[PDB]
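Asker: Sharing target10.csv, CSV, C-alpha atoms and all ligand atoms:
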```csv
chain,number,residue,atom,x,y,z
B,11,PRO,CA,0.0,0.0,0.0
B,12,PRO,CA,1.0,3.7,0.3
B,13,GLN,CA,-0.4,2.6,3.8
B,14,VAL,CA,-3.9,1.1,3.0
B,15,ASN,CA,-3.3,-2.2,4.9
B,16,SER,CA,-2.4,-0.1,8.0
B,17,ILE,CA,-5.9,1.5,8.0
B,18,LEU,CA,-8.2,-1.5,6.9
B,19,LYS,CA,-6.4,-3.4,9.6
B,20,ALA,CA,-6.2,-0.8,12.4
B,21,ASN,CA,-9.4,-2.1,14.0
B,22,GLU,CA,-9.4,-5.7,13.0
B,23,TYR,CA,-9.8,-8.3,15.8
B,24,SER,CA,-10.4,-12.0,15.8
B,25,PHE,CA,-10.9,-14.6,18.4
B,26,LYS,CA,-10.4,-18.4,18.8
B,27,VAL,CA,-12.4,-20.4,21.1
B,28,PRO,CA,-9.7,-22.2,23.1
B,29,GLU,CA,-9.3,-26.0,22.5
B,30,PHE,CA,-10.2,-28.3,25.5
B,31,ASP,CA,-8.1,-31.5,25.9
B,32,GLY,CA,-6.4,-30.9,22.6
B,33,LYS,CA,-9.7,-30.8,20.7
B,34,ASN,CA,-11.9,-28.1,19.1
B,35,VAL,CA,-14.9,-28.8,21.2
B,36,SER,CA,-17.3,-25.9,20.5
B,37,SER,CA,-19.9,-25.4,17.7
B,38,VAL,CA,-18.1,-22.1,17.3
B,39,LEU,CA,-14.5,-22.1,16.0
B,40,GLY,CA,-13.9,-18.4,16.3
B,41,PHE,CA,-15.0,-15.0,14.7
B,42,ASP,CA,-13.4,-12.1,13.0
B,43,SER,CA,-14.6,-8.5,13.3
B,44,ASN,CA,-13.5,-5.1,12.0
B,45,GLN,CA,-14.8,-1.5,11.7
B,46,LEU,CA,-14.1,1.3,9.2
B,47,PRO,CA,-15.4,4.8,10.1
B,48,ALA,CA,-17.1,7.3,7.9
B,49,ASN,CA,-18.1,9.5,10.8
B,50,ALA,CA,-16.0,11.7,13.1
B,51,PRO,CA,-15.9,9.5,16.1
B,52,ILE,CA,-17.3,6.2,14.6
B,53,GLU,CA,-21.0,5.7,15.3
B,54,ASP,CA,-21.2,1.8,14.9
B,55,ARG,CA,-20.2,-0.5,17.7
B,56,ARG,CA,-19.3,-4.3,17.9
B,57,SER,CA,-19.3,-6.6,20.9
B,58,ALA,CA,-18.8,-10.3,21.6
B,59,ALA,CA,-18.8,-12.1,24.9
B,60,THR,CA,-19.2,-15.6,26.3
B,61,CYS,CA,-21.7,-16.4,29.0
B,62,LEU,CA,-19.9,-17.8,32.0
B,63,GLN,CA,-22.9,-19.0,34.1
B,64,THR,CA,-24.9,-20.3,31.1
B,65,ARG,CA,-23.4,-21.8,28.0
B,66,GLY,CA,-23.9,-19.5,25.0
B,67,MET,CA,-21.8,-16.9,23.1
B,68,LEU,CA,-23.2,-13.4,22.4
B,69,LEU,CA,-22.3,-11.3,19.4
B,70,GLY,CA,-23.6,-8.0,18.3
B,71,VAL,CA,-23.4,-5.0,16.0
B,72,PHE,CA,-25.0,-1.6,16.8
B,73,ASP,CA,-25.5,1.3,14.5
B,74,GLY,CA,-25.6,4.7,16.3
B,75,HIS,CA,-27.3,7.8,14.9
B,76,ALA,CA,-27.3,11.3,16.3
B,77,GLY,CA,-24.0,10.6,18.1
B,78,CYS,CA,-22.6,7.4,19.6
B,79,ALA,CA,-23.7,7.7,23.2
B,80,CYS,CA,-26.5,5.2,22.7
B,81,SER,CA,-24.5,2.6,20.5
B,82,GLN,CA,-21.8,2.8,23.1
B,83,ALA,CA,-24.3,2.3,26.0
B,84,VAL,CA,-26.1,-0.7,24.4
B,85,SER,CA,-22.8,-2.2,23.0
B,86,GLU,CA,-21.8,-2.6,26.7
B,87,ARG,CA,-25.0,-3.0,28.7
B,88,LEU,CA,-27.2,-5.1,26.5
B,89,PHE,CA,-25.2,-8.3,26.9
B,90,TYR,CA,-25.5,-8.1,30.7
B,91,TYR,CA,-29.2,-7.7,30.5
B,92,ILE,CA,-29.4,-10.7,28.2
B,93,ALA,CA,-27.0,-12.8,30.4
B,94,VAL,CA,-28.8,-11.9,33.6
B,95,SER,CA,-32.1,-12.8,31.8
B,96,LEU,CA,-30.8,-16.3,31.2
B,97,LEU,CA,-29.6,-17.0,34.8
B,98,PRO,CA,-31.8,-19.6,36.6
B,99,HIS,CA,-33.3,-18.5,40.0
B,100,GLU,CA,-30.8,-20.1,42.3
B,101,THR,CA,-27.9,-18.4,40.4
B,102,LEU,CA,-29.6,-15.0,40.6
B,103,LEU,CA,-29.8,-15.5,44.4
B,104,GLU,CA,-26.0,-16.3,44.6
B,105,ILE,CA,-25.1,-13.0,43.0
B,106,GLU,CA,-27.6,-10.9,45.0
B,107,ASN,CA,-25.8,-12.0,48.2
B,108,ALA,CA,-22.1,-11.8,47.0
B,115,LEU,CA,-18.8,-12.0,43.1
B,116,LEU,CA,-19.6,-14.5,40.3
B,117,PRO,CA,-18.2,-13.8,36.9
B,118,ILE,CA,-20.9,-13.2,34.3
B,119,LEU,CA,-19.4,-12.5,30.9
B,120,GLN,CA,-16.0,-12.9,29.2
B,121,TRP,CA,-15.7,-10.1,26.7
B,122,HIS,CA,-13.7,-10.6,23.6
B,123,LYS,CA,-12.8,-7.0,22.7
B,124,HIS,CA,-10.2,-5.3,20.6
B,125,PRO,CA,-8.2,-2.5,22.5
B,126,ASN,CA,-10.1,0.3,20.8
B,127,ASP,CA,-13.4,-0.9,22.2
B,128,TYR,CA,-13.9,0.3,25.8
B,129,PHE,CA,-16.3,0.4,28.7
B,130,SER,CA,-17.5,3.6,30.2
B,131,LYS,CA,-15.5,4.2,33.4
B,132,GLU,CA,-17.6,7.0,34.9
B,133,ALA,CA,-21.0,5.4,34.3
B,134,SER,CA,-20.1,2.0,35.7
B,135,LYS,CA,-21.7,2.5,39.1
B,136,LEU,CA,-25.0,3.7,37.7
B,137,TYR,CA,-25.1,0.9,35.1
B,138,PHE,CA,-24.4,-1.8,37.8
B,139,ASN,CA,-27.2,-0.3,39.9
B,140,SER,CA,-29.8,-0.6,37.2
B,141,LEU,CA,-28.7,-4.2,36.4
B,142,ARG,CA,-28.8,-5.0,40.1
B,143,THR,CA,-32.3,-3.5,40.3
B,144,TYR,CA,-33.2,-5.6,37.3
B,145,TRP,CA,-31.9,-8.9,38.8
B,146,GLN,CA,-33.6,-8.1,42.2
B,147,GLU,CA,-37.0,-8.0,40.3
B,148,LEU,CA,-36.3,-11.2,38.5
B,149,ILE,CA,-35.8,-12.9,41.9
B,150,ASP,CA,-39.3,-11.7,43.0
B,159,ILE,CA,-36.0,-20.6,30.5
B,160,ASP,CA,-37.1,-19.6,27.0
B,161,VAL,CA,-34.1,-17.9,25.2
B,162,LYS,CA,-36.3,-16.1,22.7
B,163,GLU,CA,-38.4,-14.6,25.6
B,164,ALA,CA,-35.1,-13.7,27.4
B,165,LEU,CA,-33.6,-11.7,24.5
B,166,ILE,CA,-36.9,-9.8,24.1
B,167,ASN,CA,-37.3,-8.9,27.8
B,168,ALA,CA,-33.6,-8.0,27.9
B,169,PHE,CA,-33.8,-5.5,25.0
B,170,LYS,CA,-37.0,-4.0,26.3
B,171,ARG,CA,-35.7,-3.8,29.8
B,172,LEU,CA,-32.5,-2.1,28.6
B,173,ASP,CA,-34.4,0.4,26.5
B,174,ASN,CA,-36.7,1.2,29.4
B,175,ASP,CA,-34.0,1.7,32.0
B,176,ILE,CA,-32.4,4.0,29.4
B,177,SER,CA,-35.6,6.0,29.5
B,178,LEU,CA,-35.7,6.1,33.4
B,179,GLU,CA,-32.1,7.0,33.8
B,180,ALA,CA,-32.6,10.0,31.5
B,181,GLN,CA,-35.4,11.3,33.6
B,182,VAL,CA,-33.6,10.6,36.9
B,183,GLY,CA,-30.4,12.4,35.8
B,184,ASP,CA,-27.4,12.5,38.2
B,185,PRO,CA,-25.6,14.7,40.9
B,186,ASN,CA,-22.4,14.5,38.8
B,187,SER,CA,-22.9,17.1,36.1
B,188,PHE,CA,-21.0,14.9,33.6
B,189,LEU,CA,-23.0,11.7,34.4
B,190,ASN,CA,-26.3,13.7,34.3
B,191,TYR,CA,-25.2,14.7,30.9
B,192,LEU,CA,-24.4,11.2,29.9
B,193,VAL,CA,-27.9,9.7,30.5
B,194,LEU,CA,-29.4,12.4,28.4
B,195,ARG,CA,-26.9,12.1,25.5
B,196,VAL,CA,-27.7,8.3,25.7
B,197,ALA,CA,-31.5,8.6,25.7
B,198,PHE,CA,-31.5,11.3,22.9
B,199,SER,CA,-29.2,9.5,20.5
B,200,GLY,CA,-30.3,6.2,19.0
B,201,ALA,CA,-28.9,2.8,18.2
B,202,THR,CA,-29.9,-0.2,16.0
B,203,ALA,CA,-29.1,-3.6,17.5
B,204,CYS,CA,-28.6,-7.0,15.8
B,205,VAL,CA,-27.4,-9.7,18.2
B,206,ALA,CA,-26.6,-13.4,17.9
B,207,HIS,CA,-26.8,-15.9,20.8
B,208,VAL,CA,-25.3,-19.3,20.1
B,209,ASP,CA,-25.5,-22.3,22.4
B,210,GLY,CA,-24.3,-25.4,20.6
B,211,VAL,CA,-26.5,-26.0,17.6
B,212,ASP,CA,-29.0,-23.4,18.8
B,213,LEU,CA,-28.7,-20.0,17.0
B,214,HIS,CA,-30.9,-17.1,17.9
B,215,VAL,CA,-30.8,-13.8,16.3
B,216,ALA,CA,-32.4,-10.8,18.0
B,217,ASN,CA,-32.9,-8.0,15.6
B,218,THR,CA,-33.8,-4.3,16.2
B,219,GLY,CA,-33.3,-2.0,13.2
B,220,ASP,CA,-31.7,-2.1,9.8
B,221,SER,CA,-28.5,-4.0,10.6
B,222,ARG,CA,-28.5,-7.6,9.5
B,223,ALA,CA,-27.5,-11.2,10.4
B,224,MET,CA,-26.8,-13.5,7.4
B,225,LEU,CA,-26.1,-17.3,7.4
B,226,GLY,CA,-23.6,-18.6,4.9
B,227,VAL,CA,-24.7,-21.9,3.6
B,228,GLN,CA,-22.5,-24.3,1.5
B,229,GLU,CA,-24.5,-26.2,-0.9
B,230,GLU,CA,-23.8,-29.8,-1.8
B,231,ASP,CA,-21.9,-28.8,-5.0
B,232,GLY,CA,-19.8,-26.5,-3.0
B,233,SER,CA,-21.6,-23.3,-4.1
B,234,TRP,CA,-22.6,-20.7,-1.5
B,235,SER,CA,-26.1,-19.7,-0.5
B,236,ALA,CA,-27.2,-16.9,1.9
B,237,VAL,CA,-29.9,-17.4,4.4
B,238,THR,CA,-31.4,-14.4,6.1
B,239,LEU,CA,-31.8,-14.5,9.9
B,240,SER,CA,-33.2,-11.0,10.3
B,241,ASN,CA,-35.6,-8.6,8.5
B,242,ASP,CA,-34.4,-4.9,8.1
B,243,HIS,CA,-36.8,-2.8,10.1
B,244,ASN,CA,-37.3,0.0,7.6
B,245,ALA,CA,-39.6,1.3,4.8
B,246,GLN,CA,-38.8,-1.7,2.5
B,247,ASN,CA,-40.3,-4.0,5.1
B,248,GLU,CA,-44.0,-4.5,4.4
B,249,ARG,CA,-44.8,-6.2,7.6
B,250,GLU,CA,-43.1,-3.4,9.4
B,251,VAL,CA,-45.0,-0.6,7.6
B,252,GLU,CA,-48.2,-2.5,8.3
B,253,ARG,CA,-47.2,-2.9,12.0
B,254,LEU,CA,-46.6,0.8,12.4
B,255,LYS,CA,-50.0,1.7,11.0
B,256,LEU,CA,-51.9,-0.8,13.2
B,257,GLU,CA,-50.3,0.7,16.2
B,258,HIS,CA,-52.1,4.0,15.7
B,259,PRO,CA,-55.6,5.4,14.8
B,260,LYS,CA,-56.6,4.9,11.1
B,261,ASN,CA,-56.3,8.7,10.6
B,262,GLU,CA,-52.5,8.2,11.1
B,263,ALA,CA,-52.0,5.5,8.4
B,264,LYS,CA,-51.0,8.3,6.0
B,265,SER,CA,-48.6,10.1,8.4
B,266,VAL,CA,-46.9,7.3,10.4
B,267,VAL,CA,-44.4,6.5,7.6
B,268,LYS,CA,-43.6,9.2,5.0
B,269,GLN,CA,-40.7,9.8,2.7
B,270,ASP,CA,-39.9,6.2,3.6
B,271,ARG,CA,-39.2,7.4,7.2
B,272,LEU,CA,-40.7,6.9,10.6
B,273,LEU,CA,-42.8,10.1,10.9
B,274,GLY,CA,-40.8,11.6,8.0
B,275,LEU,CA,-37.6,11.4,10.0
B,276,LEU,CA,-36.0,8.1,11.2
B,277,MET,CA,-34.6,5.6,8.7
B,278,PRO,CA,-34.5,2.6,11.0
B,279,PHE,CA,-38.0,1.6,12.2
B,280,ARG,CA,-36.8,0.2,15.6
B,281,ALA,CA,-34.1,1.3,17.9
B,282,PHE,CA,-32.7,2.0,21.4
B,283,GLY,CA,-32.7,5.6,22.7
B,284,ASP,CA,-34.4,8.1,20.3
B,285,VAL,CA,-36.6,9.0,23.1
B,286,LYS,CA,-37.8,11.9,20.9
B,287,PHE,CA,-40.0,9.2,19.2
B,288,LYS,CA,-41.2,7.4,22.4
B,289,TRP,CA,-41.9,10.0,25.1
B,290,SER,CA,-45.0,12.1,25.5
B,291,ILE,CA,-44.5,15.7,24.3
B,292,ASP,CA,-45.1,16.9,27.9
B,293,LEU,CA,-42.2,14.6,29.2
B,294,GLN,CA,-39.9,15.8,26.4
B,295,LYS,CA,-40.7,19.4,27.5
B,296,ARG,CA,-40.3,18.8,31.3
B,297,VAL,CA,-37.0,16.9,30.7
B,298,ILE,CA,-35.6,19.6,28.3
B,299,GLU,CA,-33.3,21.0,31.0
B,312,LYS,CA,-33.1,17.9,21.0
B,313,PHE,CA,-35.8,20.3,21.2
B,314,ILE,CA,-38.2,19.3,18.5
B,315,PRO,CA,-41.0,16.7,18.1
B,316,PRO,CA,-42.3,15.2,14.9
B,317,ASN,CA,-45.9,14.9,13.6
B,318,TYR,CA,-46.7,13.3,16.8
B,319,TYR,CA,-50.2,12.3,18.1
B,320,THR,CA,-50.1,8.8,19.7
B,321,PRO,CA,-46.7,7.9,20.9
B,322,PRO,CA,-44.7,5.9,21.4
B,323,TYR,CA,-43.9,5.4,17.7
B,324,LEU,CA,-40.6,3.5,18.1
B,325,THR,CA,-39.5,0.5,20.1
B,326,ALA,CA,-36.3,-1.3,20.8
B,327,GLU,CA,-38.2,-4.6,20.9
B,328,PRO,CA,-36.4,-7.1,18.6
B,329,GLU,CA,-37.8,-9.7,16.2
B,330,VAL,CA,-36.2,-13.0,17.1
B,331,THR,CA,-35.3,-15.9,14.7
B,332,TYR,CA,-34.2,-19.4,15.7
B,333,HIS,CA,-32.1,-21.6,13.5
B,334,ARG,CA,-30.9,-25.1,14.3
B,335,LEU,CA,-27.3,-25.3,13.0
B,336,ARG,CA,-26.3,-27.8,10.3
B,337,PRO,CA,-23.0,-29.1,8.9
B,338,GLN,CA,-23.8,-26.9,5.8
B,339,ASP,CA,-24.1,-23.8,8.0
B,340,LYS,CA,-20.6,-22.5,7.9
B,341,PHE,CA,-20.6,-18.9,9.2
B,342,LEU,CA,-22.8,-16.0,10.3
B,343,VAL,CA,-22.2,-12.5,9.2
B,344,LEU,CA,-23.6,-9.8,11.4
B,345,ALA,CA,-23.1,-6.3,10.0
B,346,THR,CA,-24.4,-2.7,9.9
B,347,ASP,CA,-25.9,-1.3,6.7
B,348,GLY,CA,-22.6,0.2,5.7
B,349,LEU,CA,-21.8,-3.3,4.5
B,350,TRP,CA,-25.3,-4.2,3.2
B,351,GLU,CA,-26.0,-1.0,1.1
B,352,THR,CA,-22.8,-1.8,-0.7
B,353,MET,CA,-23.3,-5.5,-1.8
B,354,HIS,CA,-25.9,-8.1,-2.6
B,355,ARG,CA,-26.4,-10.6,0.3
B,356,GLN,CA,-25.1,-13.3,-2.1
B,357,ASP,CA,-22.0,-11.4,-2.8
B,358,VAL,CA,-21.2,-11.1,0.9
B,359,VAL,CA,-21.7,-14.8,1.6
B,360,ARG,CA,-19.8,-15.8,-1.6
B,361,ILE,CA,-16.9,-13.6,-0.8
B,362,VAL,CA,-16.6,-14.8,2.8
B,363,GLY,CA,-17.4,-18.3,1.6
B,364,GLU,CA,-14.4,-18.3,-0.8
B,365,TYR,CA,-12.1,-16.5,1.7
B,366,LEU,CA,-12.7,-19.1,4.5
B,367,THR,CA,-12.3,-22.0,2.3
B,368,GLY,CA,-8.9,-21.1,0.8
B,369,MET,CA,-10.4,-19.8,-2.6
B,405,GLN,CA,-6.0,-12.3,7.2
B,406,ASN,CA,-9.5,-11.8,8.5
B,407,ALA,CA,-12.9,-12.3,6.8
B,408,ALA,CA,-14.3,-9.0,7.9
B,409,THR,CA,-11.2,-7.1,6.8
B,410,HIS,CA,-11.7,-8.7,3.5
B,411,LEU,CA,-15.4,-7.8,3.2
B,412,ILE,CA,-14.5,-4.2,4.2
B,413,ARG,CA,-11.8,-4.2,1.4
B,414,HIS,CA,-14.4,-5.3,-1.3
B,415,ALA,CA,-17.0,-3.0,0.2
B,416,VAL,CA,-14.9,0.1,-0.3
B,431,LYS,CA,-5.9,-0.1,-6.1
B,432,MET,CA,-8.2,2.7,-5.0
B,433,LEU,CA,-8.0,5.5,-2.4
B,434,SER,CA,-11.5,6.9,-1.9
B,435,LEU,CA,-10.8,7.2,1.8
B,436,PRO,CA,-9.2,10.4,3.0
B,437,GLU,CA,-10.9,13.2,5.0
B,438,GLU,CA,-14.4,14.3,6.1
B,439,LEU,CA,-15.8,13.6,2.6
B,440,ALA,CA,-15.9,9.9,3.4
B,441,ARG,CA,-19.5,10.0,4.5
B,442,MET,CA,-20.2,11.4,1.0
B,443,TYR,CA,-19.4,8.0,-0.3
B,444,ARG,CA,-19.8,5.6,2.5
B,445,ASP,CA,-21.3,4.9,6.0
B,446,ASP,CA,-19.6,3.4,9.0
B,447,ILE,CA,-19.0,-0.3,8.4
B,448,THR,CA,-18.8,-2.8,11.2
B,449,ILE,CA,-18.7,-6.6,10.6
B,450,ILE,CA,-18.6,-9.7,12.7
B,451,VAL,CA,-18.1,-13.1,10.9
B,452,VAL,CA,-18.6,-16.1,13.2
B,453,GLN,CA,-17.2,-19.4,11.9
B,454,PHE,CA,-18.9,-22.7,12.9
B,455,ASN,CA,-17.2,-26.0,13.6
B,456,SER,CA,-18.9,-28.4,11.3
B,457,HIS,CA,-17.6,-31.5,13.0
B,458,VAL,CA,-19.1,-30.5,16.4
B,459,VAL,CA,-22.3,-29.2,14.8
B,460,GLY,CA,-22.6,-32.4,12.7
B,461,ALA,CA,-21.9,-34.4,15.9
B,462,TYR,CA,-25.3,-33.2,17.3
B,463,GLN,CA,-27.0,-34.5,14.2
T,501,MN,MN,-25.0,5.2,12.0
T,502,MN,MN,-25.4,2.8,9.1
```
The structure given in the file should be rewritten as structure tokens.
Answerer:
Amino acid sequence: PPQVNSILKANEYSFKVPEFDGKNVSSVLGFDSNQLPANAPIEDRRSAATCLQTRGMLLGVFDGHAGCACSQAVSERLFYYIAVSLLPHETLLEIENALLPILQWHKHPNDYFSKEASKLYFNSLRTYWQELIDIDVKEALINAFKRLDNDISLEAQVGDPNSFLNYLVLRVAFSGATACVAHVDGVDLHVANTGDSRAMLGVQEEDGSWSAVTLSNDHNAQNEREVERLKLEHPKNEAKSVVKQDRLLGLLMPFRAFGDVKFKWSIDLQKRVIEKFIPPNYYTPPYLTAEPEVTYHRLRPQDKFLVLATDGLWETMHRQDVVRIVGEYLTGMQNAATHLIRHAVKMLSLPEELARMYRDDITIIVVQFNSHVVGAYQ
């Protein structure tokens, strides 16, 4: 390069699930992830963690808008809500007393946790697990998303003594974030999706060709069921106004998300909290949820990898090109997501604050499955 590899690869991570007793024993071999920014501070986020008290692995991509406070928040909190929602009763009790390790994060050095907000965050989680004390995975993911998005709403209202923290809850509730998350326990894949990010299964066909299977539907204006669902959630007189110019109330591209309290709160609460300023065409809120659509897939020996990615990838390529490219990469004919980012974008359309003229933030996780272990459950 004149230095192109240095950039593509600046953020590229990749994790191997450790061998036990000399053998690859998991249905997951490992994953690769990378990000390429188009925005100042990048607005996408990526996360990956292993449940320590329950078996599964969590992976996630989050596409922030109107700042990165909310993608940052959910990129670090959501997995704890999901994890704690999977804990059996007896285990919850343990923790309330004590302390037991919950998640092992697989993060690149550029990913980070919020130092200053840690106490507050633990407190809401704790509050949450206390109430759970007083197990369907699908129904866990759902309540976890909802509960996170709701706590985000409460924390914005409650504010904080610390002027900086008080500011943070607000910046978090007023910016928004998509969320597309995989949970894998053995042969059981669940994909919880909220927004226009996307999980895609790469299937190798018996002739060795590559096929793409969708595990999520983009929650936007192309999505019929979604436009139908928005209308049904409001009086008939709104059917014309709910979605316009392909946007939620003429504004938001993604039709589901965290934060974005502007599209959820009553006008009077937006006013009282105003201590941003503008509401939409806005009669019967809330208009927007963080509640995810959840898909289950039982893994097969054909099922070779899962690509989770924000729309910066997807707007660029056909689903089939993504799965083919990764398909060929993994199979001989480095990091799969660096590769996809390279095709997505010899050619130096990169430099400067004119990038988001030509591209979005791109964040990609490629999980690779262990066909022998998966096939061993067949
Ligand atoms: Mn974004
Ligand atoms: Mn995007």
Asker: Show me which residues are within 6 Å of ligand MN 502 (chain T) counting all atoms listed in the file, and format the list as a compact mmCIF listing (two decimals) with C-alpha atoms, in the coordinates of the input.
Answerer:
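Final output, saved to pocket-v2.txt:
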```
# COMPACT_ATOMS: atom_id res chain seq x y z
CA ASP B 73 -25.50 1.30 14.50
CA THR B 346 -24.40 -2.70 9.90
CA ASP B 347 -25.90 -1.30 6.70
CA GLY B 348 -22.60 0.20 5.70
CA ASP B 445 -21.30 4.90 6.00
CA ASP B 446 -19.60 3.40 9.00
```
Asker: Choose the residue, out of B:321, B:460, B:368, B:328, that has the smallest atom-to-atom separation from residue B:166; count all atoms listed in the file.
Answerer: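 When distances to residue B:166 are compared using all atoms listed in the file, the smallest one comes from B:328.
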Asker: Between chain B and ligand MN 501 (chain T), at 12 Å or less, what are the per-residue closest atom pairs and their distances in Å? Count all atoms listed in the file, order by chain and rising residue number, and return it as CSV.
Answerer:
```
residue,atom,partner,partner_atom,distance
B:46,CA,T:MN501,MN,11.9
B:47,CA,T:MN501,MN,9.8
B:48,CA,T:MN501,MN,9.1
B:49,CA,T:MN501,MN,8.2
B:50,CA,T:MN501,MN,11.2
B:51,CA,T:MN501,MN,10.9
B:52,CA,T:MN501,MN,8.2
B:53,CA,T:MN501,MN,5.2
B:54,CA,T:MN501,MN,5.9
B:55,CA,T:MN501,MN,9.4
B:71,CA,T:MN501,MN,11.1
B:72,CA,T:MN501,MN,8.3
B:73,CA,T:MN501,MN,4.7
B:74,CA,T:MN501,MN,4.4
B:75,CA,T:MN501,MN,4.5
B:76,CA,T:MN501,MN,7.8
B:77,CA,T:MN501,MN,8.2
B:78,CA,T:MN501,MN,8.3
B:79,CA,T:MN501,MN,11.5
B:80,CA,T:MN501,MN,10.8
B:81,CA,T:MN501,MN,8.9
B:82,CA,T:MN501,MN,11.8
B:199,CA,T:MN501,MN,10.4
B:200,CA,T:MN501,MN,8.8
B:201,CA,T:MN501,MN,7.7
B:202,CA,T:MN501,MN,8.3
B:203,CA,T:MN501,MN,11.2
B:219,CA,T:MN501,MN,11.1
B:220,CA,T:MN501,MN,10.1
B:221,CA,T:MN501,MN,9.9
B:276,CA,T:MN501,MN,11.4
B:277,CA,T:MN501,MN,10.2
B:278,CA,T:MN501,MN,9.9
B:281,CA,T:MN501,MN,11.5
B:345,CA,T:MN501,MN,11.8
B:346,CA,T:MN501,MN,8.2
B:347,CA,T:MN501,MN,8.4
B:348,CA,T:MN501,MN,8.4
B:349,CA,T:MN501,MN,11.8
B:441,CA,T:MN501,MN,10.5
B:444,CA,T:MN501,MN,10.8
B:445,CA,T:MN501,MN,7.1
B:446,CA,T:MN501,MN,6.4
B:447,CA,T:MN501,MN,8.9
B:448,CA,T:MN501,MN,10.2
```
Asker: If you count all atoms listed in the file, which residues fall within 8 Å of stretch 56-70 of chain B, apart from same-chain ones fewer than 3 positions away, as JSON, numbers by chain?
Answerer: {"B": [43, 85, 86, 89, 93, 96, 97, 117, 118, 119, 120, 121, 122, 123, 203, 204, 205, 206, 207, 208, 209, 210, 344, 448, 449, 450]}
Asker: Which is closer to residue B:238 than all the others in B:251, B:222, B:107, B:435, using all atoms listed in the file?
Answerer: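 Ranked by minimum distance to residue B:238, first place goes to B:222.
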Asker: Using only C-alpha atoms, which of the listed residues (B:341, B:169, B:279, B:188) sits closest to residue B:327?
Answerer: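 Nearest to residue B:327: B:169.
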Asker: By how many Å are atom CA of residue B:458 and atom CA of residue B:37 apart?
Answerer: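 Straight-line distance from atom CA of residue B:458 to atom CA of residue B:37 works out to 5.3 Å.
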Asker: Measuring between all atoms listed in the file, which one of B:257, B:339, B:31, B:438 shows the shortest distance to residue B:225?
Answerer: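 Distance minimum relative to residue B:225 lands on B:339.
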Asker: Of the candidates B:95, B:246, B:126, B:352, which shows the shortest atom-to-atom distance to residue B:22, using all atoms listed in the file?
Answerer: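 Distance minimum relative to residue B:22 lands on B:126.
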Asker: Could you list, as a list in words, every residue within 10 Å of residue B:407, counting only C-alpha atoms and ignoring same-chain residues fewer than 3 positions away?
Answerer: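 Counting only C-alpha atoms, the residues come to residues 22, 24, 41, 42, 43, 44, 343, 361, 362, 363, 364, 365, 366, 410, 411, 412, 413, 449, 450, 451, 452 and 453 of chain B.
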Asker: Give the answer as one residue: which of B:319, B:198, B:443, B:129 has the shortest atom-to-atom distance to residue B:351, using all atoms listed in the file?
Answerer: B:443
Asker: Please measure the separation of atom CA of residue B:130 and atom CA of residue B:105, giving the value in Å to one decimal.
Answerer: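 These two atoms are separated by 22.3 Å.
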Asker: Mind filling out stretch 170-181 of chain B with N, CA and C atoms and sending it as a PDB file, keeping the file's coordinate frame?
Answerer:
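Once everything was written out, this is rebuild-v2.pdb:
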```
ATOM      1  N   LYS B 170     -36.004  -4.886  25.828  1.00  0.00           N
ATOM      2  CA  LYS B 170     -37.000  -4.000  26.300  1.00  0.00           C
ATOM      3  C   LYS B 170     -36.583  -3.467  27.634  1.00  0.00           C
ATOM      4  N   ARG B 171     -35.998  -4.306  28.464  1.00  0.00           N
ATOM      5  CA  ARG B 171     -35.700  -3.800  29.800  1.00  0.00           C
ATOM      6  C   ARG B 171     -34.555  -2.802  29.649  1.00  0.00           C
ATOM      7  N   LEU B 172     -33.587  -3.091  28.796  1.00  0.00           N
ATOM      8  CA  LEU B 172     -32.500  -2.100  28.600  1.00  0.00           C
ATOM      9  C   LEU B 172     -33.068  -0.741  28.108  1.00  0.00           C
ATOM     10  N   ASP B 173     -33.938  -0.794  27.098  1.00  0.00           N
ATOM     11  CA  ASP B 173     -34.400   0.400  26.500  1.00  0.00           C
ATOM     12  C   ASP B 173     -35.187   1.191  27.501  1.00  0.00           C
ATOM     13  N   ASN B 174     -35.937   0.468  28.326  1.00  0.00           N
ATOM     14  CA  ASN B 174     -36.700   1.200  29.400  1.00  0.00           C
ATOM     15  C   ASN B 174     -35.906   1.819  30.498  1.00  0.00           C
ATOM     16  N   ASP B 175     -34.968   1.071  31.070  1.00  0.00           N
ATOM     17  CA  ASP B 175     -34.000   1.700  32.000  1.00  0.00           C
ATOM     18  C   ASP B 175     -33.325   2.866  31.386  1.00  0.00           C
ATOM     19  N   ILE B 176     -33.032   2.864  30.079  1.00  0.00           N
ATOM     20  CA  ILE B 176     -32.400   4.000  29.400  1.00  0.00           C
ATOM     21  C   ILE B 176     -33.296   5.250  29.587  1.00  0.00           C
ATOM     22  N   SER B 177     -34.565   5.053  29.281  1.00  0.00           N
ATOM     23  CA  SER B 177     -35.600   6.000  29.500  1.00  0.00           C
ATOM     24  C   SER B 177     -35.685   6.534  30.989  1.00  0.00           C
ATOM     25  N   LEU B 178     -35.718   5.627  31.961  1.00  0.00           N
ATOM     26  CA  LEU B 178     -35.700   6.100  33.400  1.00  0.00           C
ATOM     27  C   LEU B 178     -34.511   6.839  33.775  1.00  0.00           C
ATOM     28  N   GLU B 179     -33.347   6.292  33.508  1.00  0.00           N
ATOM     29  CA  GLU B 179     -32.100   7.000  33.800  1.00  0.00           C
ATOM     30  C   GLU B 179     -32.039   8.437  33.161  1.00  0.00           C
ATOM     31  N   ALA B 180     -32.746   8.694  32.064  1.00  0.00           N
ATOM     32  CA  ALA B 180     -32.600  10.000  31.500  1.00  0.00           C
ATOM     33  C   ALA B 180     -33.392  11.040  32.286  1.00  0.00           C
ATOM     34  N   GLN B 181     -34.593  10.628  32.669  1.00  0.00           N
ATOM     35  CA  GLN B 181     -35.400  11.300  33.600  1.00  0.00           C
ATOM     36  C   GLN B 181     -34.741  11.545  34.961  1.00  0.00           C
TER      37      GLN B 181
END
```
